[PDB]
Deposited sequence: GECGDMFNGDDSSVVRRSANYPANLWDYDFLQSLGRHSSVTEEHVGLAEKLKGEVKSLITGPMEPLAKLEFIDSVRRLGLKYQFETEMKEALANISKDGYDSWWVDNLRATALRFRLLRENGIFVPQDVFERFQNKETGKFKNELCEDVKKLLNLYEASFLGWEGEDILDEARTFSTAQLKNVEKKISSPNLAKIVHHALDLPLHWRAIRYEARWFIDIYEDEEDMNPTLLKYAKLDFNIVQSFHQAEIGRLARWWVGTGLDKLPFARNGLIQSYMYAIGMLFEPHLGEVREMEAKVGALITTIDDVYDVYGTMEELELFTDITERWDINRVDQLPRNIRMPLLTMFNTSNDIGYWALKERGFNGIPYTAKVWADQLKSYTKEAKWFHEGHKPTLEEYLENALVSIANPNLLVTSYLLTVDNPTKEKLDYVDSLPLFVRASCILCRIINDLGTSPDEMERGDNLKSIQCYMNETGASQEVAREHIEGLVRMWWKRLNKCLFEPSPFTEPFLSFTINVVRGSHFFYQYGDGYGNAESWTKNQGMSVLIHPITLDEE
């Protein structure tokens, strides 16, 4: 079911019913009451985390913020100061929602003489581990929590007693919740939450209902994109097999909400173009042919597409036509001609590809810093984020678009993260560049690269608390694209059927 005839078919028959929407809106009001209803503070924290874990955060963002704000009041601070499980859980949720909590909050639990956590509970270890990924640079206490809890959970996993709990452990060790793509995890979590003892039936049922309703929107989107892809004719080309569906899966990680379907579809279209144009430069095109493709894009002039061969001219024209349509959409819906920006990100995209082509053909071995300045662009994420900004920013202007295209720290941090995350999972790449600069071993070099991921994430985390020109949903896209990269890096086919095709049985 990587076959396009199947995909084009989607959107014809939807599983959801008029009854399900009414029940969903009934359940939604009840969950809002529960989110806002009185509750013990630690219990509220698990429920709110459970709501976020299920992917319902978009539905109850405001109720969640009031609830956390109210828990941060001067009255009754006694319940979480003494025990680490509440202190860790409270620290993460407050930080995730914009309420600052200092790292010194964990000093009580730390041993003063040793400086390491008192060896003196699995959930206690788990909450500490997840919370450590919400840390900023220089918050050394959190770094200690990270290394300690990882080592303890790996040791404790062998003696794990509960089967549902045992799964939860292995999953957290694979990727912390902070780094997991929201839509894919919600599907996984629905099965895990259900079996959890203290599980709430009303929330689970609403979570199941909401997951199914959102999936139908995805199915229609997949159908249009599939029909659009065959229409381009790139589907019959040798490169980018199943390129559209993989690219769509990436857009799901960045944004999954139905109200952003038009933006998501345009993003999926660009990714499919991104995958295919990448292959033309990496494999099919000859270097003499590629300079023309890049030059045509820099000029945004198609007079010589005839000179280029068909197996290359069609992707170039699909990219030319697709950027103009997306730019036009901005002019139609947003009152702003977006063609200069889509052309610019496509121009730099190829220029970035050519530079990598230059290094591999000249036997160059770049330094990690040298390699990353280009690789952050070639992963193409500047193109995807700037495009996402154009289609969603309120009252767009030349001034706003130029700033985002300049790659400020918040956007740039996300871009650098994706290139390194992609490298770790799969010319010489980022591990080899490190190996050439230091001669280090494959595992140690790999260990250092894993370190950069954590550093940039800290930078990404601190940026969310700083004043910024960006607002939702661009802020979420920047964090979410990084989570999506973690998700993609065979096995991707299994996640697709589970999230996009198969409905949750009721």
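Engineer: Compare what was deposited with what's modelled and send me the C-alpha-less stretches, numbered from 1.
Structural biologist: According to the record, the gaps fall at 1-24, 145-147, 454-462, 526-535, 553-555.
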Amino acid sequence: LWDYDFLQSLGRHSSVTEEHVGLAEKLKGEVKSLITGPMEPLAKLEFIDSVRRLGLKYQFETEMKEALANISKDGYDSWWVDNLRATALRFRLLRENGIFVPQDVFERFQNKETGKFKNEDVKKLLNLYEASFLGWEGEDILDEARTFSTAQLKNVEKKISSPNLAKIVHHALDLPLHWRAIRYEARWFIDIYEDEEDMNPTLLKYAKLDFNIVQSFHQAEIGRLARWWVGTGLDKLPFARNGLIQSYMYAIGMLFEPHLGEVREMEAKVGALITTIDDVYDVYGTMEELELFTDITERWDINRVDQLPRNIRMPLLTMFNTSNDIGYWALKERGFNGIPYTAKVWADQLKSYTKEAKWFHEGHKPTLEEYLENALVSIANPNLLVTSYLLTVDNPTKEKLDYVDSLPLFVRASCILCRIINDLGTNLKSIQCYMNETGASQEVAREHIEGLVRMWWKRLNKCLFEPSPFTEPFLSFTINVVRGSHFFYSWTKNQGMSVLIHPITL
From here on, numbers count along this sequence of modelled residues.
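Engineer: Between 156-164 and 233-241, which has the larger average Cα B-factor in the PDB entry?
Structural biologist: Comparing 156-164 with 233-241, the higher mean C-alpha B-factor belongs to 156-164.
Engineer: Please compare 389-397 with 350-358 and name the stretch with the higher mean C-alpha B-factor in the deposited structure.
Structural biologist: It is 350-358 that shows the higher mean C-alpha B-factor.
Engineer: Between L45, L475, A440, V453, which one tops the list for C-alpha B-factor in the PDB entry?
Structural biologist: Comparing C-alpha B-factors across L45, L475, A440, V453, the top value belongs to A440.
Engineer: Please work out which residue in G327, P102, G335, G285 has the highest C-alpha B-factor recorded for this crystal structure.
Structural biologist: Out of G327, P102, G335, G285, the record gives the largest C-alpha B-factor to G285.
Engineer: Using the B-factors in the PDB entry, rank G138's C-alpha atom against the chain and give the third, lowest, middle or highest.
Structural biologist: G138: CA B-factor falls in the middle third of its chain.
Engineer: Name the third of the chain's ranked CA B-factors that contains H259, choosing lowest, middle or highest.
Structural biologist: For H259, whose C-alpha B-factor we compare with every modelled residue in the chain, the answer is the lowest third.
Engineer: Going by what the PDB entry lists, where does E369 fall on CA B-factor within its chain: lowest, middle or highest third?
Structural biologist: Its C-alpha B-factor belongs to the highest third of this chain's values.
Engineer: State the tercile, meaning the lowest, middle or highest third, of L10 with respect to the CA B-factors recorded for its chain.
Structural biologist: Answer is middle: the recorded C-alpha B-factor places it there.
Engineer: Please place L56 in the lowest, middle or highest third of its chain by C-alpha B factor as given in the entry.
Structural biologist: CA B-factor rank for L56: lowest third.
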